[PDB]
């Protein structure tokens, strides 16, 4: 019925999310940029844009065909992209499983008509937006490492000046 704005993502366990926001607060004054709400911290795998109900169902079926092992993420990197004005967390050497999962979902989208940026996948978790000015970036905190067991399809909506993500479907990572 409803045409929705969709994306696939990896989520953060609550403890790591709490560590990230504490570290962010400690190292980045309000002036440095607009903080992403704690609940909204995530790692995007594929952005689908505006998707019809019929297209969403077809993409969800394809997502449900994916078979691959889970993997461990360890966030050992942080940086700023002036181009899109964000400060982010990431990995120096992302696990093969993450790259493969992202490529798979993007490939499924593209083959389904959903335009995908030719820009090489750069997995990241945005912490600050509208960070239009260069700022000092400390290394991430110690031991921000966890097992990824699932990925999730989200819908994105905006009202009241706050963006909300609503989970639609989840899939476990299984061989």
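Numbering follows the first chain given and starts at 1. Think of the rigid core as the biggest set of C-alphas that the two forms share within 1.5 Å after superposition.
Fitting each structure in 6 other deposited structures of this protein onto the rigid core and averaging C-alpha distances over structures and residues, 157-165 emerges as the more displaced of 8-16 and 157-165. Notably, residue 106 is never a gap: all other compared entries of this protein, restricted to those modelling both its neighbours, have coordinates for it, so the one-third criterion is not met. Residue-level annotation: residue 115 lacks coordinates in a third or more of the other entries compared, counting only those that model residues on either side of it. As recorded in the PDB entry, 150-158 is the stretch of 13-21 and 150-158 with the greater mean C-alpha temperature factor. Taking the mean C-alpha B-factor of each stretch as recorded, 109-117 and 29-37 are not equal, and the higher mean is that of 109-117.
Comparing the C-alpha B-factors of 127, 43, 59, 53 in the entry, the top value falls on 53. Looking only at 72, 84, 93, 103, the residue with the top Cα B factor in the deposited structure is 84. Residue 48 sits in the middle third of its chain by CA B factor, as recorded in the PDB entry. In this PDB entry, residue 132 carries a Cα temperature factor that places it within the highest third of its chain's modelled residues. Ranked by C-alpha B-factor against the other modelled residues of its chain, residue 174 falls in the lowest third.
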